[PDB]
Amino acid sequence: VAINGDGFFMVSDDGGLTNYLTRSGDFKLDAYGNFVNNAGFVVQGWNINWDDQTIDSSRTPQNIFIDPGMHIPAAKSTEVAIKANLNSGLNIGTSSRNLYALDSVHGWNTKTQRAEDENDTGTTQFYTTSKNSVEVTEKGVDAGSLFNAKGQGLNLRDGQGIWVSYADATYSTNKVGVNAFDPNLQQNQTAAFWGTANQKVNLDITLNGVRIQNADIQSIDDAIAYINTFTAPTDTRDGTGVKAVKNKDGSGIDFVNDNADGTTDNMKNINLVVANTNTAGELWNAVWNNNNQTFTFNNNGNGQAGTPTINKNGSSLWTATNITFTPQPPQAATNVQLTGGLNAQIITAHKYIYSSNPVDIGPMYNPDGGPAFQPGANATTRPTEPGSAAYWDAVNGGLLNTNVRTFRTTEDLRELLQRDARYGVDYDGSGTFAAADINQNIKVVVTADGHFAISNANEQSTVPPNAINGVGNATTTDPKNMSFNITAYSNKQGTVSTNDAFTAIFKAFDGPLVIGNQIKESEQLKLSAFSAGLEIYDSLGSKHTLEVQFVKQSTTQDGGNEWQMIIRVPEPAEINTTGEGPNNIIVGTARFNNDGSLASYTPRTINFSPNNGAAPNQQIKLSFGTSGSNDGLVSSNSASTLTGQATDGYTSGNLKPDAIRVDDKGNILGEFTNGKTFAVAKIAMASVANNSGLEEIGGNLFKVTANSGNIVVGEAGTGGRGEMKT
């Protein structure tokens, strides 16, 4: 019942030629395929050409013919398109995936036993799980693109970072073991003197940049107590983070920094410098008067038994490494001389600072695997092989410093944490690096569940020959317990902001990790991810689903972002038969501009081989948008979501007769069993110059005259016409 108030006169015909006109629209399909009216007149229009599925309205109008039992063969996909958003912002909810797992060996896949760069975006490695799952592994990710378990962006910025303490910083003064002065020992003494009730000593030291001075020290407990006023900061004065306690005989001090307090350099580790004008706890000559029962004190001496000359020799009793009495103990000493310096720096904590710029932490020999250690010509010569040279540097003290550790990716940070736990901590508080400080079985990895994980297996290790300077044979090194303290990084000027979200990730490391089977893990790390299943059809019209996943790898502040695009097909189908990597998996990229528009994506086409009977090498075009536009893939600050997908392929199908209808454009719409809807025919609409000059012949039929003018045939919706209802 196709009617038209607007626009005039359908054409109608019986046999060839001889057309007629009617505004009556009571139309149906017969059992023989002809579109007719009740009078059996076949409506005139244009038929679809199935060879190109086009309707040519330019051709001469003829009988509209629609085979009722018409079968349309399946058509294979030549193109698939997607409309979707990839969240570029800081809230991704559950549209995420875990951080990729990482080896304990930098630049090396331990399972394949090959050299692979974890930070290279050109390299992508898969592994097969126990549940027969093919996952990406061994991939370092820009730390700027990290999320927590909640889907909240850590929003890490260049210059931000954290402190990681691996153990407590400790130092004991007076390691030379000179006894403390004893007022109850009624004889001359040359000892460590901390003052009496009647004699004061001068405390003069610099501790973590803070000068600690007191000339009113009358006991070691006074010194300890005064020093500990500097442990915590005041609103006007820095703290040291260093607590002091007197040793067993009260001859010296035991310092400890757990590095759990503060966010600045001055609150971490122990850097002690003693002034040469310090007298507190130094060497004094105590002379006894038997008559008066009193003591007198001097710290200079005269070069005579009981009052020997005291030569500090540019050192302090606190920090000296050697002490020498002259003459030898069989005779009373007339001179005592110290050897060493005035400072001691104990390092157990390091700062890890993020850089959005490229970072190469470099290769280093690792017993865990990879390249072998390659020594130089001798045990006193640095290696030329890069990883070996860096290993040489490490085991000779090259990491025991306060240098900034710069990282960009998760692999960078992982390996840096591992290297510092192994060679960057003064475990015995000596102020120097030795093989005793080597904790080489510490391993830092990232699990498949996205956690940083640290192990401390109770196993000895080996340092190869010619690695430690002057040591030409192998060295067995022992494991050490570790105690973690994690804080945010800042400066005293307050010009670097702290990142609580990022710091909280690694504060999960906090606590002791004793040698054994225990494992310290970080909080879970996530990535912005979005997956979609794109439907296609093979030559036989079977439906296949392209598994497409986008994971954001990096972002720039006003330069857009970049995603890894992974396409999977279930076996035995193939999309990567001739390329490297698995044959059912394609690895590509999708890059976006700062406005969220598509910049580029690759690949643009795939070569599909279903291997189910259908034809192979089915080239399928990927239509994910054009560069610079928002028509396909976009990455903007809103939830990752699929708007729609489409393909030009379809399975085989048949025409359902009773589902026929007509649009306002005169198109006869045929619905099929395959879900497709085609315009199988377009109804011709024709008008005349005059409408008042026409004759009623049949039932609402009109024939042309000389008064009407000849018939001009056109298409509804063009000119000033159109059709209605169904």
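For every residue, the number given is its place in the sequence shown, counted from 1.
In this crystal structure, the stretch out of 295 to 303 and 460 to 468 whose C-alpha atoms carry the higher mean B factor is 295 to 303. Judged by mean Cα B factor in the deposited record, 129 to 137 ranks above the other of 129 to 137 and 499 to 507.
Highest CA B-factor among the listed residues (624, 255, 373, 325): 325. The residue among 632, 183, 362, 93 whose C-alpha atom has the highest B-factor in the PDB entry is 183. Residue 221 sits in the highest third of its chain by CA B factor, as recorded in the PDB entry. Annotation for residue 351: C-alpha temperature factor in the lowest third relative to the rest of the modelled chain, per the entry. Among the modelled residues of its chain, residue 588 has a C-alpha B-factor that falls in the lowest third according to the deposited record. When the CA B factors of the chain's modelled residues are split into thirds, the value for residue 428 lands in the middle one.
Residue-level temperature factors show residue 193 in the highest third of its chain, judged at the C-alpha atom.
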